[PDB]
């Protein structure tokens, strides 16, 4: 994708993360597991909800539209009515299909961007207390219990608190 995360440096998705679009997997002494990031997922849901609803809203209700009849001496008017109906139909089929394609492209890009931004947010929180081991994962240079993990997930990671131990393990 455009931002290089989804199907990029993060190769695949997680069937095991069932409560959100974007999130985390962790592994420490207490155990391992998945936990979606609800803030970013909720933001994305809000956005895409507004996009879908926008698409539906822009199409007005189609009120009654039926054919007309013409006698054998009104061929020109019949063909003009037909030219009108066919023209409008062409234009609306075109508009609909194109709008759906464009918006689909932008939606996948939007997701890709959300995942990348989340990754970068974590990276900038952790700094050199952990190392990037690829595939969107970080390996801590210190012990990170459930409380530490949660501090990372809810954006309150205390870098100085583990800076020393990390410096020692990093050597």
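Numbering follows the first chain given and starts at 1.
Taking the PDB entry as given, 133-141 carries the higher mean Cα B factor of the two stretches 133-141 and 98-106.
Note on 108-116 vs 23-31: mean CA B-factor is higher in 23-31.
In this PDB entry, the Cα temperature factor of residue 7 sits in the middle third of its chain's modelled residues. For residue 126, the recorded CA temperature factor ranks within the middle third of the chain's modelled residues. Among all modelled residues in its chain, residue 48 ranks in the lowest third by Cα B-factor. In this PDB entry, residue 56 carries a Cα temperature factor that places it within the lowest third of its chain's modelled residues.
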